[PDB]
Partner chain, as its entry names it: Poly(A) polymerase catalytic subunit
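Okay, so here's just one chain, in structure tokens, the form deposited without the partner chain.
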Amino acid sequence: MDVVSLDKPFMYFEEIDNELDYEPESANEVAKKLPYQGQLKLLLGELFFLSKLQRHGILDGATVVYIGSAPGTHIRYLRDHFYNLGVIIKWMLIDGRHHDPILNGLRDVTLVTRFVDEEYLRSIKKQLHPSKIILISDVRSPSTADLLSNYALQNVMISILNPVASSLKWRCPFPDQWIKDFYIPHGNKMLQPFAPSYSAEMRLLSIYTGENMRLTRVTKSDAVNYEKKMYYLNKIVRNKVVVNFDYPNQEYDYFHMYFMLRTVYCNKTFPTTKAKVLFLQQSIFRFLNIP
């Protein structure tokens, strides 16, 4: 077995301390071990992001605009969590597909069946005004062309919506499929426990200060780096059993999950962080119907 002692998991991309040549054969290997793993991946990352904003005092009173939200089953838990905490938030979930019915009948959450384009972003910006906006984008068209298009849309979301913070889907196009260099917003490249086995996707977290917008250029050389670093993370790291991690499940992803969950705010007082995390994890798994 693959046992190890780790102080902490890699929380952000920049922390990954090694790389591996990508093996195309890994694409044929099982991508998911848990039912509803995708909803879990999203729930952990979004809970982490939103808790950070709470920590900085910018969540309460904002309207969370989530684009690419359907089905969005996990969003009900996110909404309940902050709603039960006392935080005041309006949710506006926009997608061309239908949302999970469990999202209906909540006055604080508005569902919109529309694929957004630049023009629509402007109308909703006029309609939300003057509320503070928090953007979460999980739009998926794929080809590098599809990706660039999505990234180009996500940048437009930020320029038009002008949010106080954003969480964006971010997967660098593959080096052998480069088309052109492009810019993405500057942010923390948050790694995602429970992402597909060989997924190179992460979430770009950003907080906007002043009236500036900093972007960063991404080149094919960056793409080769993303490829090698995420390959090492997936093939080696995520397959480690953290023996010094005293917890019911010692797999790397649960170790990573623990670290994201220890930052989440709860009403109930716990004697230890271990107790809080166990509580949240149990609550989460129960909600998603994961054993």
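Residue numbers count along the first chain shown, from 1.
Counting the deposited residues that fall between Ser141 and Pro142 and carry no coordinates gives a value of 4 to 9. Between the stretches 41 to 49 and 231 to 239, it is 231 to 239 that shows the larger average CA temperature factor. Looking at 105 to 113 and 205 to 213 together, the entry lists the larger mean B-factor for 205 to 213, computed on C-alpha atoms. The residue among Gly187, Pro163, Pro175, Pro196 whose C-alpha carries the highest B-factor in the deposited model is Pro175. Listed residues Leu261, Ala70, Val64, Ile58 were ranked by CA B-factor as deposited; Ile58 comes out on top. In the PDB entry, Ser123 places in the highest third of its chain by CA B-factor. In the deposited entry, the Cα temperature factor of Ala145 sits in the top third of values across the chain's modelled residues. Among all modelled residues in its chain, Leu168 ranks in the lowest third by Cα B-factor.
Residue-level temperature factors show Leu85 in the highest third of its chain, judged at the C-alpha atom. In this PDB entry, the Cα temperature factor of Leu6 sits in the top third of its chain's modelled residues, the highest group.
Keep in mind the form deposited with the partner chain bound is missing from the figure; the text below concerns it.
Only one of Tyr120, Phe174, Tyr77, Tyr83 lies close to the partner chain in the deposited bound form, with a heavy atom inside 4.5 Å, and it is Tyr83. This chain is displayed alone, yet in the deposited bound form one of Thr113, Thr110, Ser141, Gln127 has a heavy atom within 4.5 Å of the partner chain; that residue is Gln127. Comment: 47 to 55 is the region of 47 to 55, 33 to 41, 65 to 73, 239 to 247 lying near the partner chain in the deposited bound form, near meaning a non-hydrogen atom within 4.5 Å. In the deposited bound form, at least one heavy atom of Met11 sits within 4.5 Å of the partner chain. Using a 4.5 Å cutoff between non-hydrogen atoms, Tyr198 does not count as a contact of the partner chain in the deposited bound form. Contact between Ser26 and the partner chain in the deposited bound form is not found at the 4.5 Å heavy atom cutoff. Using a 4.5 Å cutoff between non-hydrogen atoms, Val164 counts as a contact of the partner chain in the deposited bound form. With contact defined as any non-hydrogen atom lying within 4.5 angstroms of the partner chain in the deposited bound form, the contacting residues in 254 to 285 are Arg262, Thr263, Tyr265, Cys266, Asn267, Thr269, given in sequence order.
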